[PDB]
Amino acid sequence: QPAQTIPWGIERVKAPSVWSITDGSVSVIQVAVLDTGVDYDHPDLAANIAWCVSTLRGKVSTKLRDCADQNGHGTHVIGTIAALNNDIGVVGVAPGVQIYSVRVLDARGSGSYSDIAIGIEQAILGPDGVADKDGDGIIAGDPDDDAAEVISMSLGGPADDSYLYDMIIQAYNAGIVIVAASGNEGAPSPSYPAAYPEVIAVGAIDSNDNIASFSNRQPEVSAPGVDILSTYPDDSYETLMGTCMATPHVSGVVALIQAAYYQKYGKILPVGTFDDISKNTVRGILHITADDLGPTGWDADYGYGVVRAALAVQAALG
């Protein structure tokens, strides 16, 4: 195992200075990552993996051979969110946050809509199989439920108006922040599910704050997505680029906001809207504390700008 380094993107989103307040290890907070699975025993991830599940072929399974990452994409994304702050490897945006690895994609990154919908449902139900155990209508942010507070989606496709979108809406309504990559084609707009108003579309910047040429335009926010070092199978590390590497930086930032807010107030913030410019919702706080790059205000390259955990948390707690 290599000595720990802090990847540049972790510093760019202003995560490390938040860790004296919270590293995300507030017990009610989980981040569900719907992706290719996880290297569940990776030494720089294992302690943060709260649930390792697969919904492949419509069967909910925690068997290790079903849930283990065969691609590497899920492992890398999970690492950016939650690699442990210790003596090895890398360190996540929220290096103390619990992770649900929900494998919805096979070795080749292929899956079916039904398995993705079941994966979203699993993130809401949590390991107990029940969305709202005490029936109070509080799901995300309820310490007596086990629902995830953030869902990080590594999918791209055309518009859906079916049971799948219905499931995304249920997650939003449960108070869960949903995050997805704008896409990697340099196209004029975000792919789905990033394009839904319930979901934060994330674009990619390089280390000089240039928008990446591959980053699909009109995102909601942007984040480090070029030359991103993170965990990779087997107990290893890899450097990748993509709006999909930008996405976990934002998920990690959301986890820090909700962990710090809950730690202070015993509740979480409402998710909010793409339009939001108040301090009263997660997305509001993300938008107003983002580094406004490019033309003043929201623009087609950067969205609201580059997310910043230090400023976001300060806003949330003040």
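Position 1 is the first residue in the sequence shown; the rest follow in order.
With 28-36 and 287-295 compared on mean CA B-factor from the PDB entry, the stretch scoring higher is 287-295. If you average the C-alpha B-factors over 66-74 and over 275-283, the higher value belongs to 275-283. Per the PDB entry, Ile139 shows the highest C-alpha temperature factor of the residues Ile120, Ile81, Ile205, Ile139. Reading the B-factor column for the CA atoms of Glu198, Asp132, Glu220, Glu238 in the entry, the top value corresponds to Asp132. Per the PDB record, residue ranking by Cα B-factor puts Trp19 in the highest third of the chain. Ranked against the other modelled residues of its chain, the C-alpha B-factor of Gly252 as given in the entry falls in the lowest third. Per-chain ranking of the deposited C-alpha B factor places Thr243 in the lowest third.
Ranked within its chain, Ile168 lands in the middle third, by CA B factor from the PDB record. The PDB entry assigns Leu155 a C-alpha temperature factor belonging to the highest third of its chain's modelled residues.
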